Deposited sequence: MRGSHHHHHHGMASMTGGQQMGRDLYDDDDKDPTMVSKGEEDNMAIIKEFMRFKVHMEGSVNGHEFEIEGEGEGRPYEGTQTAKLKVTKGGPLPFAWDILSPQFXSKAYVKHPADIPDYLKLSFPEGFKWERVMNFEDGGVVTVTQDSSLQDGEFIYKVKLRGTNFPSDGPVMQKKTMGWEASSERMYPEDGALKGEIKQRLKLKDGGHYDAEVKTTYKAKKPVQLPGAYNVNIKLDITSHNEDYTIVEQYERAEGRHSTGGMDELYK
């Protein structure tokens, strides 16, 4: 798959979502280096803008083909191409807010194509999401393991708050290749997602992510 997943790859993304009943769409494009674990995404709100909630709850939904893997950890999600893979995520935020996401990743005309559907519910009207009081994610460690013929990841993810401290989410995601390919054992992925630019109302956003798999065992 090194022939089809090139060392530089572009993607296109579309998200349809709603948060606390506010419906929206986002379109974006991205590019990165799948074997180096880096990528940038440029997003535009195309319907429902300006969004009345924190961009930060959407940012982790905008690309696991771009994780640097040691040669001895099977890169299951790269191996899934050209057919690709799907992922499904639940985020439980500490104040009862919930985000669920489903995503399809495919490869078409030499670029990744991402289709995302998102449902955010139960965010308190005076909480940091609906009041836009967040300031980006801390670096994360996603704990990966195979289960039931798919790859699972779990994160204790932390959003920085403008007035100090953190707003926490427990996250679980299943990543499932469309064809059986080799699953890895348990390992960790170190992720750092940064908003590198945005306009005043967050209808135009650029974000950078670095993600690298590391052994959890082996000394």
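According to the record, C-alpha coordinates are lacking for deposited residues 1-42, 105, 263-268.
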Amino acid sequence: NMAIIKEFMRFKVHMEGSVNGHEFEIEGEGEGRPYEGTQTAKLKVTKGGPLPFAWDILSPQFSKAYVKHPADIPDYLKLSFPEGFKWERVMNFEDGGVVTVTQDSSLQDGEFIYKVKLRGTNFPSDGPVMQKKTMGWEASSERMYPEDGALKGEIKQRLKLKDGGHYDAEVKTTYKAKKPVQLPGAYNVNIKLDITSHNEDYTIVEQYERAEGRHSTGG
From here on, numbers count along this sequence of modelled residues.
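Look at the mean CA B-factor for 196-204 and for 9-17 in the entry; the higher one is 196-204. Here 38-46 and 148-156 are compared by their mean Cα B-factor, and 148-156 comes out higher. Within the selection 108, 105, 100, 122, the deposited Cα B-factor values reach their highest point at 108. Comparing C-alpha B-factors across 113, 139, 91, 116 in the deposited entry, the largest value falls on 139.
Ranked within its chain, residue 182 lands in the highest third, by CA B factor from the PDB record. Among the modelled residues of the chain, residue 33 sits in the lowest third by CA temperature factor in this PDB entry. Residue 172: CA B factor in the lowest third of modelled residues in this chain (values from the PDB entry). Annotation for residue 76: CA B-factor lies in the middle third of the chain's modelled residues.
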